[PDB]
Protein chains: 4
Amino acid sequence: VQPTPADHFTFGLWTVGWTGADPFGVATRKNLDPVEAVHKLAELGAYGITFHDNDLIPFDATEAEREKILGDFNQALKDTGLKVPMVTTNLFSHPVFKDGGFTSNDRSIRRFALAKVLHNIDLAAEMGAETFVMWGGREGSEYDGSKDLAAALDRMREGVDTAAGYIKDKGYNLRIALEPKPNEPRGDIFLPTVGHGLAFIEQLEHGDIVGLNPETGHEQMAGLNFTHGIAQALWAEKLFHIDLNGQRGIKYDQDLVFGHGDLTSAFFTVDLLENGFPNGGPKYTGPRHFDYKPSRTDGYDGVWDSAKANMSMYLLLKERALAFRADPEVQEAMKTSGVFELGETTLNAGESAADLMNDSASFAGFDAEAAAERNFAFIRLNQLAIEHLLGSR
Amino acid sequence: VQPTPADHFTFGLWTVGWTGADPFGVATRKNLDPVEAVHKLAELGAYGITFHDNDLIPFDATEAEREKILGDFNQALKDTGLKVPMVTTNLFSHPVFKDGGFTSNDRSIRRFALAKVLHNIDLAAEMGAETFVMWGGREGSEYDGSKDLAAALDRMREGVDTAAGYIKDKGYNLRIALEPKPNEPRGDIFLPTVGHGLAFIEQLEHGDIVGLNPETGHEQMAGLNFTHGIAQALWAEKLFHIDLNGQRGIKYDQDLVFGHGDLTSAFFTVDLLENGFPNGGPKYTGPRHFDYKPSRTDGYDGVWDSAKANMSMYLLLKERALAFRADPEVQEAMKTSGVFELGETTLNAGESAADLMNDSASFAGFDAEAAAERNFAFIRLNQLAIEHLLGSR
Amino acid sequence: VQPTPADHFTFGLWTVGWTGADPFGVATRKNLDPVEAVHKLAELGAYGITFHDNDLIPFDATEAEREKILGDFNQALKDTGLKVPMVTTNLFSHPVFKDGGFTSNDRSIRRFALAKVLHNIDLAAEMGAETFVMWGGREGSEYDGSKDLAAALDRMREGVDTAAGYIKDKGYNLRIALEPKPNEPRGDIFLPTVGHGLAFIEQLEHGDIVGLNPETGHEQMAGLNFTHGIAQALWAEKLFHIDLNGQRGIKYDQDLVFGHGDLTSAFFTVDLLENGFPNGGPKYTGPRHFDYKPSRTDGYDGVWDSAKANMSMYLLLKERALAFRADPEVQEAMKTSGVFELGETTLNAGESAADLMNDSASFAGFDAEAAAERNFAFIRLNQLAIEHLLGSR
Amino acid sequence: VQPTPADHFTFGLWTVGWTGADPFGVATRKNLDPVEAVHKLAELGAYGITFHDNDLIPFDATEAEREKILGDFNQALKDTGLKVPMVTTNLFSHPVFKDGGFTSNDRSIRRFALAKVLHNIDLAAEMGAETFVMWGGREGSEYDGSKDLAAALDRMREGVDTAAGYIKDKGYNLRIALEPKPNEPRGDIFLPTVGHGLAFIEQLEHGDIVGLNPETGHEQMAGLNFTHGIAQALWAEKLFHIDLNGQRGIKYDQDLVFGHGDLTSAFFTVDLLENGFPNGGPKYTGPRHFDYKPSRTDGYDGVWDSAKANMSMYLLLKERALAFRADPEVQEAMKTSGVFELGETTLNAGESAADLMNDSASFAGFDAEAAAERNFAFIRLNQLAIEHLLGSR
Ligand SMILES: [Mg+2]
Ligand SMILES: [Mg+2]
Ligand SMILES: [Mg+2]
Ligand SMILES: [Mg+2]
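Residues numbered from 1 in each chain as written, not as in the entry; some residues may be left out. Chains lettered and ligands numbered in written order. Heavy atoms only, no water. Residues with missing side-chain atoms left out of burial classes, pairs and counts.

- Per the deposited record, the coordinates in this entry were obtained by X-ray crystallography to a resolution of 2.5 Å.

- Named according to the PDB entry, chain A is D-XYLOSE ISOMERASE originating from Arthrobacter sp..
- This structure appears in the PDB under the title "MECHANISM FOR ALDOSE-KETOSE INTERCONVERSION BY D-XYLOSE ISOMERASE INVOLVING RING OPENING FOLLOWED BY A 1,2-HYDRIDE SHIFT".
- Regarding chain A, the relevant UniProt record gives this comment under Catalytic activity: "alpha-D-xylose = alpha-D-xylulofuranose".
- The Subcellular location field of the UniProt record for chain A holds the comment "Cytoplasm". (UniProt positions renumbered as here; feature names shortened; annotations may be inferred.)

Quick look at the structure:
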């Protein structure tokens, strides 16, 4: 419960560097120098750091300034050994992206935004990032009439497929991860959840290198079960990255420490990333990225406390989830409840639809009332998970 | 604002026949005979009626009883001319489906449930239904540990692909529509929204004849924009059916009359079904199905009032949405706001990613501050839509 | 973690007795005989039992049937030693109550509902109940014009003042507890949250013996912090009873076991009930009542299992919350965050507004930016708390 | 639909002046000079203007700067005739207020916050404001152990009683209006809803001149019915001010124009404000204040457009709500649904509880099932209302 680099905890530069400006107030902390960020995270046990183009390099920066910033940064990474596993672009802060990057009603802003992305892919390759995240935060509307809904999706597809074709063309070993979000900053964002995101990728021409980057808080903002949406992404072989934080209900994006929102949910999230599926199946072996914000009420000691907290929470949940699954009481409760039974195909090997229709024991002579008497024992099984969680077993 | 059969208003037998039992009380109305339902709906201007297998035919019914019920029903349809455009199966009422049909932890219940579906497909063909709806209402969990998340999806796929292969095999001209729902009756349902549903179909073997059946209320239960989710379904060419009702917020499934929930949203929903996309694209020309419930406080006069209300609301919204789009002030407001501009591809014909990166006017020499000065005028445009809605223009 | 009568765990007859019918399906369990409920609950460690008049005595019961049923139930209580601390009135399942009891639009119904309550006060008094709970579940509307909102609150007051007047008159030592609920079964219910119930009580003629019965899931259905709510009820000394359960978000009411919802909020509710306020103040001493429903997926072993899960959940939280406040590291963290500092009055002993305004050091020469440097360290206090919750420290 | 000063449309300086910075981006508009705001608003038909102390006078303003600024603003008011009906205090943007003003854990900060309020009361009185608004935006927490909840309410009371005491002492005719808000910017805010604010007021020493300022979007953020909320405030005669805007669901605060959110609820709020209660009762006569923000996508033409949209929205709703209640068909529908019947007291003139209980016809021989046959016809009353809303009848 001391993190180490094979744990693969990655942190975004914008998280610990978030100085505290919210919509009702100014920053409460001084800016965090990025070299200092790299040194402080390496020391806490982080494996890597991620950033947005404008997190390191100002929008305004001249070529010389860009060279100077990147040199110090590269030096810092070298001194520490921190990797840079994911890179992303800021397509939401400057006033020009008031109506989006890629789905901006203005065509000249869509070309600028797509060029901001291609340049960033080149920097992403250079850094040795394996994933390029795309968070379309300003793509949407506040009013139903603001957009042509089909055009938005065509413009979004265009953007994404041009970027993907460009990776392919240059031979970069980079994958694109789209990060779905319900709302905020727009009152409605395009591809609001994990399924919209997932569905969207199947319409792309270069879909093969496009996957997702779900975020705890984002699904929770539409009241979805985070464990069930990552399950589906994994199931489809599209869980390319993951962002973990906490959220307490449907409200503004809180960005708390992982485990400080919905704890029981955090627990089962960690059981799926760590243990996978009960009957076997896919596993996610990428980085465990923390995309959160150190509460504005706290000074810099709280920033480093908060960074430590993320990794601690994940490790506490991991031991509890490993003991839980190892527990023989839990394994037999799982058996009773039919967890392993769900793993069995419904049809017998070689059985056809006509075969089952016509099988008298599966329908005509099936006793539905007897079958309804089964005690699934889901509460008891729920109860065992929580007793494991509470460290009482 | 007198409905007629080319309007294609279809009503489910369970809507007007809903006698009023909620989780806190008993029915407040007497049962509605299904022949009387057909006669009363034909007379109100409905085009068709839909039903769940157990809405017409009791679970218990002997073959003779099934023959007798279907004969009277068929007679009624013949006497009136009402079609039966969609059929669906009850996989959620009997105690046997306490943990689902298709994703039931018990394998014997999954075989029964799939056989209940194949038999129903045969009845669906017989009735001349073009769509077979599948609402997986009991597929999910209340506890994160109740299921093996990957197995659930494999079991769901198995069910759905067996049913689809069986349509194909028998040569029925029937399509399957899955209806996504966030929650209720389960605390979390599998394929909770339109994207999960959409994503899910791309993993199926018989995906080609599988599409969606979104419902106003269902998306609204996860706080999504209904117009933007049907837009995406349409965009993907998967909007096979549609269910319209009203819902006032994130809470239990209310099932109000279309236009009695979120009115402005209802309005833009009707603008998309009726007018389509501003720059052109797909159109939805299937039935406009009302899946709602006549409030339990009201007697039978309210049931028929409520049925009339659905069609009235849709026709009032339709005229307001046609005037709105015809309005030359509105067309020029759309132009200013860049609604048509979104229709233009981002890249020039023949332009490549390298071409745009390297185009100095799109990036390097792009004036982002000048571009940020643009007045999108989205509020004014929103305001014009509402003045059209209020019948003030 | 073995409950004893000393713990004051009370259960509603309706909870273990809930047979499984929900809006989409029939009962999955057989009716529970009340004598068995009493016997079962006494073997688990329950302190008492509570009921609604129609949980015990059927709506259409003859006089002979009523006495048999009470002879049976009084015998059971006598045999087992269980107490009956609370009694409530079912003003919701019979179709007569579709528009409410007390705020029904029909005056004849308001008279019957209130008659039904007065008779029930006699019964409650006879049983030795100390609390009389009023849950106005059908009090509200689906539509904004259905009700005259000032007249609904006048009617509500009349009902509550008549019942309280009657208690005072008859010399019964009963206190009325109003149970606020935002929705379900009505689309909007009168006196939606703790706040609303408390405000209403202050408009009552006999508000001195009228307080609240907050329920965990009801407040979570509005997105409110359950703990902030009962704190406010406590502070006004109006916390007369409490109903504990689980709710996983804004959706239908789940009625999960306590701690099977929002764990961390459950942990903080236990802390408040057990440890009181950090700086002292009123404490809650009534029954810890569980109003939940055994999931319908579970048979009768599941029912006694979930009844036991309420009590184990609570005892495990209590143990952690006691360990939490006793930790010296936590006591120190609390001092550091200003938790005890909030207890010191803002003004000085006999300081006036005018004295405060001209004091130079409090305003005029107050260094606002120096003050703003304080690291409140709330993340670290939060992290310690979860660490005590997880049985880690 | 041309507003006139007689309409009492008031606007906050912060609303038209909002420059566009949100959590994900910088300002998209230039600062608005306050003199121009005053002039612009008087040309649109505004009756008055309201501000926060720091909207006008910068936090670090010298004495010389403060007088210049007030000379400029007083001149503008004089020139245009605008009134200043409400003044409020910014106890939220400066980093000193990260934990609150009045309920900050730091005692030195509580003293400065209250000093800052007292000084602002003098200013408000000087300006001729009738209402003093208190919005405790930083009063709350992200974490359940950050605060002693009884001590936070004691501190809050001290602050409000000190300010009210001061008003009384100085002979100013100002009334305090507390503005409840459930969240944002804190994860949970003290006095979350109308209900909570009203309950708190009754625990105050000087609660007689302390009332509420409900805001439309704040209540919709909890899923509450805005109309039920102000009705309850009205009924207790505590509706001192109102803030009108739009909110599309439980998500961040949108601050859309009034009627650009939930239309039908907007329609029913106008009806209540204009027509009062169907059976009579208190009526609201203060300013109709708009606290919204011009979407950041819109330039300055958009700003004056949205200021005008507030007033047109309201005037269009008012016209429909007046037409609605005057319709004979609607008056009849209301009688039929029992709307006036709710106004008749339940008991008879000098009827006691005891008299009611033994009356055979009210209980004992009351035919509950005959009573339950009444068709309340709420769907048809709702349908008439939407038809008047849509300018259809
Ligand atoms: Mg993220
Ligand atoms: Mg449906
Ligand atoms: Mg309760
Ligand atoms: Mg406000």
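Quick notes on the coordination of the magnesium ion (ligand 3)
Residues and elements named next belong to chain C.
At step 1: On the protein side, the magnesium ion (ligand 3) has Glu179 (OE), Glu215 (OE), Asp243 (OD) and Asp291 (OD) as donor atoms, found 2.0 to 2.3 Å from it.
At step 2: Coordination of the magnesium ion (ligand 3) draws on donor residues from a single chain, spaced E-x35-E-x27-D-x47-D in sequence. Taken together, the positions of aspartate 243 in strand β9 (residues 243-244) and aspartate 291 in the loop between β10 (288-290) and α11 (300-326) put the pair 48 residues apart, joining distant regions of the chain. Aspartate 291 shares its class with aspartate 243; the two are buried. (Donors = N, O, S within 2.8 Å, 3.2 Å for Na, K, Ca; no water. Helix = DSSP H or I, 4+ residues; strand = E, 2+ residues; numbered from the N terminus. Buried < 20%, exposed > 50% of the residue type's maximum accessible area, 1.4 Å probe, protein only.)

Thoughts on the pattern of salt bridges
At step 1: Under the counting rule described, the total for this entry stands at 104 salt bridges over all chains.
At step 2: Of the charged contacts in the structure, one is a salt bridge between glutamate 274 of chain B and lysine 318 of chain B, with a shortest N-O distance of 3.7 Å. Placement of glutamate 274 of chain B in helix α10 (residues 263-274) and of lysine 318 of chain B in helix α11 (residues 300-326) is noted, with a sequence separation of 44 residues between them.
At step 3: In this structure, the salt-bridge partner of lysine 181 of chain D is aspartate 253 of chain D, at a minimum N-O distance of 2.5 Å. Taken together, the residues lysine 181 of chain D in the loop between β6 (175-178) and β7 (188-189) and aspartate 253 of chain D in the loop between β9 (243-244) and α10 (263-275) connect sequence positions 72 residues apart. (Salt bridge = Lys/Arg side-chain N within 4 Å of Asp/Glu carboxyl O.)

Let's talk about the relation of the copies chain C and chain D
At step 1: For the pair chain C and chain D, the superposition axis carries a translation of 0.0 Å, the fit reaches an RMSD of 0.0 Å, and the rotation angle comes to 180 degrees. The superposition of one copy onto the other is thereby described by a two-fold rotation axis.
At step 2: Both copies present the same face, since 100% of the interface residues in chain C are matched by interface residues at the equivalent positions in chain D. (Least-squares fit on C-alpha atoms. Contact = heavy atoms within 4.5 Å.)

Section: the relation of the copies chain A and chain B
At step 1: For the pair chain A and chain B, the best superposition has an RMSD of 0.0 Å and corresponds to a rotation of 180 degrees with a translation of 0.0 Å parallel to the axis.
At step 2: By residue overlap, the copies meet face to face through one surface: 100% of the interface positions of chain A are interface positions in chain B.

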